[PDB]
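Read the single chain below, which is given as structure tokens and is the form deposited in one PDB entry.
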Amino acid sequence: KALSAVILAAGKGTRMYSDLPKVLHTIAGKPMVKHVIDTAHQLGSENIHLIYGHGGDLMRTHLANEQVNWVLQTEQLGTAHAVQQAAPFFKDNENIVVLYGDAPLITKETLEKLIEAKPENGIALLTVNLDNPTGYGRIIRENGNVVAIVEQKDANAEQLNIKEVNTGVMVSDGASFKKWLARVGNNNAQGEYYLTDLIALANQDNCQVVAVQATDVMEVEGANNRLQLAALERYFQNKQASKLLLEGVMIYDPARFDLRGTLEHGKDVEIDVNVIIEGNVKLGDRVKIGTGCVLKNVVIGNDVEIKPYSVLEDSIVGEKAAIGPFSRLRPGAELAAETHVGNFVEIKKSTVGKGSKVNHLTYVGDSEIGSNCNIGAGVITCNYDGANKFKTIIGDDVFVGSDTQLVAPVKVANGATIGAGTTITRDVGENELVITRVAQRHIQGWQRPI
């Protein structure tokens, strides 16, 4: 049968000490709540009802593109009240899963088991085994069904030794939710309407509640503060790294690896320590990434080596290229196959053709460079003091001598040769050699202050 999700995401998150609401804090570069939305979508949820409240305007700006029903809750009166805000939209004969926007690590796999376990007209409750369950609601089983959730303050001696506790995550059909939520009261020390009370209500109705245990405690943990958030981040990154290792990516140290997006990879890829991969990154076969590299939204071809401390963003690199160390590729950098980019080089919105080399102390911006060019150390593309910024076009087989300025807009045709120290303002023709005529004064017998 069909499925929809309710995600509880209204909290202020006071102990984050932030201007953001609780669920917008990121794990692996995306809001905690976005992790939960994605998991709900992967489960096959038809609708996702997002209960929100605090930091409402920020929620709407940061999650503007999410396919959710925006359910604006004006007051937090407990979890049952929050779910009831979405209940008018539940289909009678769809399953509804309730999830927490501050618990981003919950897995598709655990939730599939939870859904499959739900008996007709009953509830599947997600539980977790703790070595120290003190403070948490104990699961009481009679046969294979949950007959009660007994809170710490009510439990007798034997019940206190129960390690299985309630997580608050559960699945039931939409009609059952509508019926039982209307029967939840707030007669308790907090004066809140607790979703937890659905278990008692289901048992009152001779409906079955079945428990499913989470495989991992971290799977169900939420973050109330940034220390807990960092714990979630580390667990998530380790799990991501472990998956990649098992797929055949050599990550030298999975504790010093960060993925904040998606990684597509070939075979025999090697990633050294302290690499950060962000956005959508594709690495071909036998790509080697050296220590300290940052790759964001990049495509790297087969057999490329990126040497240490290279930072690349929104760039494409052709097969057998060599980049780094200390190379900077800025958005729109497109390096062809067999190119070479070296230390203290910055390439921005430029194409560099096959076999060309830009190996030192150079800025190339808004440029087209052809194949088998030699761009000398200290070369800079620049503009006049004007309005917009124009293009430098360099053909194939061009030699550009060291410390030359290329002043856009300018074109240098195939086979041209430019001497060191030149200022190029006029177009250079095919097979034209341009050399600067210097005037020097030579003074003999100049004794240095020494």
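Each form is matched to the other, and the largest set of C-alpha atoms that superpose within 1.5 Å is called the rigid core. The first residue of the shown sequence is 1; numbering continues from there. Residues that one form lacks are left out of the comparison.
Another form, the form deposited in another entry, is not on view; read the next lines as being about it.
- With the rigid core aligned between the shown form and the other one, the listed residues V249, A337, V150, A87 include just one Cα displaced by at least 2 Å, namely that of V150.
- The two forms, fitted on the rigid core, differ between the shown form and the other one by less than 2 Å at the CA of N225.
- After superposition on the rigid core, the Cα atom of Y136 is displaced by 2 Å or more between the shown form and the other one.
- Fitting the two forms on the rigid core leaves the C-alpha of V299 displaced by under 2 angstroms between the shown form and the other one.
- In that other deposited form, the Cα-Cα separation between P133 and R226 shrinks by 3 Å or more relative to the displayed conformation.
- An increase of at least 3 Å in the separation of the C-alpha atoms of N143 and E109 is found in that other deposited form, compared with the displayed form.
- Core superposition between the shown form and the other one reveals a single run of 3 or more residues with every CA shifted by 2 angstroms or more: 129 to 165.
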